[PDB]
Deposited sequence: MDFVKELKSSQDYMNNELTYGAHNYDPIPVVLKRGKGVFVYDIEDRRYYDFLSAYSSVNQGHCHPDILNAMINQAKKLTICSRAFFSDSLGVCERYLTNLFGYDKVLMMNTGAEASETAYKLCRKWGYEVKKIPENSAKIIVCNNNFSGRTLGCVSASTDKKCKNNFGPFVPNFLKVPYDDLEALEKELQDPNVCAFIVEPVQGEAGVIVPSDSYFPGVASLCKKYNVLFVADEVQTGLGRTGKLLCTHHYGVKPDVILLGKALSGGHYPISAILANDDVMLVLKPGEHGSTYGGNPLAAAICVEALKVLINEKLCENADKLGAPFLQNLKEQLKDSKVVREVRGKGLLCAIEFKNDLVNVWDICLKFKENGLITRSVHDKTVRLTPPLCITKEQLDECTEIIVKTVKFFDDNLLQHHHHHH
């Protein structure tokens, strides 16, 4: 069987709900993945930050096996030894009274909305009929906006304190939920000064500052929390992805007692949320992150890589911009001139796989254990692949 046998097999037995780059992987180790035909590629997506520690990290796999021999799941009908150990681990490590463990990052966001709204009722006296959470324009009037007839989410521009303050004036806002750097918007970094302002603004209007660190956290930008960079402490933290080194779906919300204690019991979530197996894996995944100093590696190698790449592409007709912080980087192209999807196929050909976002911005997010030498080899691949297209206009 060949890569193609597999790709056809999937098309005929599975739903067509995804549109993958045509490579079929069978193995990962650290910063490399390997296809059906034993070709090797640099993984520059890291399963969207789930394998910050690197593919198939042995320590984590170990933790997983030690737990899975004892107990894999018992459900929230009862207690496990493992979950508490995790909860205590995470809380001490991030400096929050409590933590709530879950599976997917969506579960994290949903639960966060419930949380903010209820805190808004129980504490700030706002009616759930009328509670609003501010978010940002992941991209960029006539509308009932008053009392019970309200949007649920108010969108405002990212990196915009004036606009943010304008909405915070609404007494029915209970929360601003924001990413330390916008992933989906194409890796948009904020001005150093934004988050400091955000923290003040929220403090002042008595509104929960929630930071979505599902992509930006756990080493990706150089720190355990990207928000650590701007010296601000959010009221609520969302964690996920790299929280497990790709060995399990695990995500979390962190908050102090005054926020977390708004949550009433009996309200069902997922059966697998907070299971012993995940709890064990979680602690090891973060222990690996800290012991191997992967945060610092990222911090040290990141700014250079980005700067040097900015240099070597300064004279490209198709490149629009090169952005990043730590090892969370991207290249935005002028989709007027090039087809972003082809650039991704070209990369794949040149030995580095990644994916598009907007059909204009390409994600550059390798596992955090990458070496200076490896990054240099990749800069070569990147400069070369971009050359290919520049050489057609």
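Where the deposited sequence has no C-alpha coordinates (positions from 1, in order): 1-7, 148-161, 415-422 are the stretches of the deposited chain that have no C-alpha coordinates in the structure.
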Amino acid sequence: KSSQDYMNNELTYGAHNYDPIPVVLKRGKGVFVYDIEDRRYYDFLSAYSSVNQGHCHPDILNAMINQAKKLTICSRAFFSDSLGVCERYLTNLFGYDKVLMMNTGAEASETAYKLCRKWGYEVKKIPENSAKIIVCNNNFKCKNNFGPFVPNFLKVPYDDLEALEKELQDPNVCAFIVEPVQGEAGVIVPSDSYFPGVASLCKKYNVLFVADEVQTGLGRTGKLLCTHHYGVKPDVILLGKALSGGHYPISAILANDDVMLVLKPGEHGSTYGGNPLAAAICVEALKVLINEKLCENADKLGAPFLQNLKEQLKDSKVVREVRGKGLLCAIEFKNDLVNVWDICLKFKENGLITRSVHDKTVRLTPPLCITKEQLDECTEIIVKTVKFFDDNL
From here on, numbers count along this sequence of modelled residues.
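Comparing 255-263 with 309-317, the one whose average Cα B-factor in the PDB entry is higher: The deposited B-factors put 309-317 ahead on the C-alpha mean.
Of 47-55 and 356-364, the one with larger mean CA B-factor: Averaging CA B-factors over each stretch, the winner is 356-364.
Residue of maximum C-alpha B factor among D235, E122, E110, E162, per deposited coordinates: By C-alpha B-factor in the record, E162 ranks first.
Highest recorded Cα temperature factor - choice among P196, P190, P249, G95: The C-alpha B-factor peaks, among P196, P190, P249, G95, at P190.
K325 CA temperature factor, ranked by third within the chain: Answer is middle: the recorded C-alpha B-factor places it there.
Third of chain Cα B-factors occupied by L375: It belongs to the highest third of the chain when residues are ordered by C-alpha B-factor.
Where the record places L345 (Cα B-factor, split into thirds across the chain): Middle third of the chain for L345's C-alpha B-factor.
For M7, the third of its chain into which the C-alpha B factor falls: For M7, the deposited C-alpha B-factor lands in the lowest third.
Chain-relative CA temperature factor third for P127: CA B-factor rank for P127: middle third.
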